[PDB]
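Take a look at this one chain, the form deposited in one PDB entry, written out in structure tokens.
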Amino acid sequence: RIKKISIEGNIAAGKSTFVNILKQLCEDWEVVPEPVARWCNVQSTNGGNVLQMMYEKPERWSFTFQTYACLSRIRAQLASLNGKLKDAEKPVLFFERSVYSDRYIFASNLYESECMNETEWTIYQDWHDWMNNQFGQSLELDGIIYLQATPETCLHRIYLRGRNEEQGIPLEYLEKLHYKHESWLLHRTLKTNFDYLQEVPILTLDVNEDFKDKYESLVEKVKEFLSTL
């Protein structure tokens, strides 16, 4: 009953920045941010920083991170499907990344990088499938917004943001993630267990340019794209 749109994009491409100009465009919109800070100080519903543990020894912590990161995002997105939004008129729910990015972009890539052995990779997909199998049907996307920026623009915006764990991120890693986004959201040549995705609508925004300027345009293309849903 609520339109759910996922915001996809490379590390530091500008998702959180795009998310902050969303609510002010319509009282009917909701945003579920990526629980990034919660991965940095692992506490039960100051402690460990699994995001950094993974970035510092991926073949040791990729599975754990992928396991916790995804469950985490699902809970956040599910919680928001029980808020004031239910009482809204034209409720549109935004997701900062999706269970798909987690699996077909990051997890997929860490595994192709030998950072997860067959065993870890098999267990992860089995979990991931079963997750959707359960609390999945209520999270399907009506549309996707691909925030597109060159991995070179990404590597620089990372530097601007200043998050410590990400400061050691190499261009090469950003490139691999880039092509996977391109393969999934641009060329649309990515295979997944969730058939509906293949048909799901996609809005591609070139955010390589200054947000200061391209802002007015984007708002237009967003309202636009949203009406066609």
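If you superpose the two forms and keep the largest set of C-alpha atoms that fall within 1.5 Å, you have the rigid core. Start at 1 and count along the sequence shown; that's the residue number.
- Compared with other PDB entries of the same protein, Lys212 is missing from at least a third of those that resolve the residues around it.
- Among the other PDB entries of this protein that were compared and that flank it with modelled residues, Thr45 is left unmodelled in a third or more.
- Going from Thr45 to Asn46, you skip over 10 or more residues of the deposited sequence that the entry leaves unmodelled.
- Across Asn117, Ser72, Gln137, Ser98, the entry's maximum B-factor at the CA atom is seen for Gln137.
- Among the modelled residues of the chain, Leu205 sits in the middle third by CA temperature factor in this PDB entry.
- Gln66: CA B factor in the lowest third of modelled residues in this chain (values from the PDB entry).
- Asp87: CA B factor lies in the highest third for its chain, per the PDB record.
- Split the chain's modelled residues into thirds by C-alpha temperature factor. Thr17 is in the middle one.
- Among the modelled residues of its chain, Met131 has a C-alpha B-factor that falls in the highest third according to the deposited record.
Beyond what is shown, the protein has a form deposited in another entry; the following relates to that form.
- Of the residues checked (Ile74, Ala88, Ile123, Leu81), the rigid-core alignment between the shown form and the other one shows a Cα shift of at least 2 Å for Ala88 alone.
- Here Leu186 does not count as shifted, since its C-alpha moves by less than 2 Å between the shown form and the other one after the core is aligned.
- Core-superposed comparison between the shown form and the other one: the CA of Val36 exceeds or equals a 2 Å shift.
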